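*Asks:* Have a look at this one before I ask anything.
All of the numbers you see were taken from the coordinates with simple rules; none came from a lab. Here the Cβ positions follow ideal geometry from the backbone for every residue, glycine too, while neighbour counts run over all protein chains shown.
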Amino acid sequence: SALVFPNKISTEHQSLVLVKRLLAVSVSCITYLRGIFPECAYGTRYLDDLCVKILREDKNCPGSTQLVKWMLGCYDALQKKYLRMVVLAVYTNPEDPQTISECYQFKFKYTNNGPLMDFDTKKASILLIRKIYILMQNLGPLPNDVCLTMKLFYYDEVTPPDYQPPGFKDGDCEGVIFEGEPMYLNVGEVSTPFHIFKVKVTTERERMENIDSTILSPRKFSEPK
């Protein structure tokens, strides 16, 4: 019931493992906070006093299995240093995945030039997850019935033009129509000597509250098969 993040990162592989964990937890927490899967499709682990919810793979909850297997293609592109961005998108009409209600962007950069310079990797990891909570606890609800789709983007100068992660085909339309007025939340970054991981959220204006001191809160691209 405990999830332990590497405090110190010394090898590229430690770093690669951390990013996969970071990607999984974030996708899991985000989908849990926005109620995209019911409570019973998540297990609970702890992150030094922080309640975290991990998506489970089970036939009992539909679509949960497909997202977990989608991550498999994300991990593959990640190890091979091909992956640039993961876009997880929420849409309502099961026939127009291009018209979306909300999405989440996960950006990756590969480096050897030490961590990020700002103006301990476990503190940063716990700050990123805590920020996802603070910045998405109070977002207005999504529509009642929603669908999930995923888009991968690569560093094309190192990626074989015919490469496909497991479960992914080459993509159709790179852009999407955002219903309403989109707001861009930059949640945060986490860096290691070898990787940078960023999280950005795009939500509709009416889902924001701007409740202040009140009583309420004082190019290659891939798609899935």
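*Asks:* State all residues of the range 88-109 that are assigned to a strand (DSSP E or B), more than 16 Å from residue 33 (Cβ to Cβ) and in contact with a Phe, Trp or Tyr (Cβ under 7 Å, 6 or more places away or on another chain); if no residue qualifies, say none.
*Replies:* Answer for the range 88-109, where residues must be assigned to a strand (DSSP E or B), more than 16 Å from residue 33 (Cβ to Cβ) and in contact with a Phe, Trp or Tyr (Cβ under 7 Å, 6 or more places away or on another chain): 99, 100, 108.
*Asks:* Here's something else I'd like to know. When the range 180-225 is examined, which residues are found to be more than 25 Å from residue 13 (Cα to Cα) and among the acidic types (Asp, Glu)?
*Replies:* 181, 204, 206, 209, 212, 223
*Asks:* Then there's this: If I go through the range 7-24 residue by residue, how many of them are assigned to a loop (DSSP other than H, G, I, E, B) and crowded, with 16+ Cβ neighbours inside 10 Å?
*Replies:* As a first pass, look at the range 7-24 and keep what is assigned to a loop (DSSP other than H, G, I, E, B): 7-11.
Still in the list and also crowded, with 16+ Cβ neighbours inside 10 Å: 9.
Number satisfying all stated conditions: 1.
*Asks:* Can you find even one residue in the range 134-150 that is exposed (fewer than 14 other Cβ atoms within 10 Å of the Cβ), among the β-branched types (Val, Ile, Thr) and under 18 Å from the mean Cα position of the chain (by Cα)?
*Replies:* Yes - at least one qualifying residue is present in the range 134-150.
*Asks:* Also: Scan the range 40-47 and give yes if some residue there is under 18 Å from the mean Cα position of the chain (by Cα) and within 23 Å of residue 87 (Cα to Cα), otherwise no.
*Replies:* yes
*Asks:* A follow-up question, please. Here are some conditions: (1) within 17 Å of residue 186 (Cβ to Cβ); (2) surrounded by 20 or more Cβ atoms within 10 Å (Cβ to Cβ); (3) not aromatic (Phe, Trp, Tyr). Residue 116 meets all but one. Which one does it not meet?
*Replies:* Every condition holds for residue 116 apart from (2).
*Asks:* Looking at residue 27, is it part of a strand (DSSP E or B) and crowded, with 18+ Cβ neighbours inside 10 Å?
*Replies:* Values: part of a strand (DSSP E or B): no; crowded, with 18+ Cβ neighbours inside 10 Å: yes.
So residue 27 does not fit the description; no.
*Asks:* So residue 46 fits all but one of (1) farther than 30 Å from residue 160 by Cβ; (2) touching a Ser or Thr at 6+ places or on another chain (Cβ under 8 Å); (3) surrounded by 16 or more Cβ atoms within 10 Å (Cβ to Cβ); what number is the exception?
*Replies:* Of (1) farther than 30 Å from residue 160 by Cβ; (2) touching a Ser or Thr at 6+ places or on another chain (Cβ under 8 Å); (3) surrounded by 16 or more Cβ atoms within 10 Å (Cβ to Cβ), only one is false for residue 46: (3).
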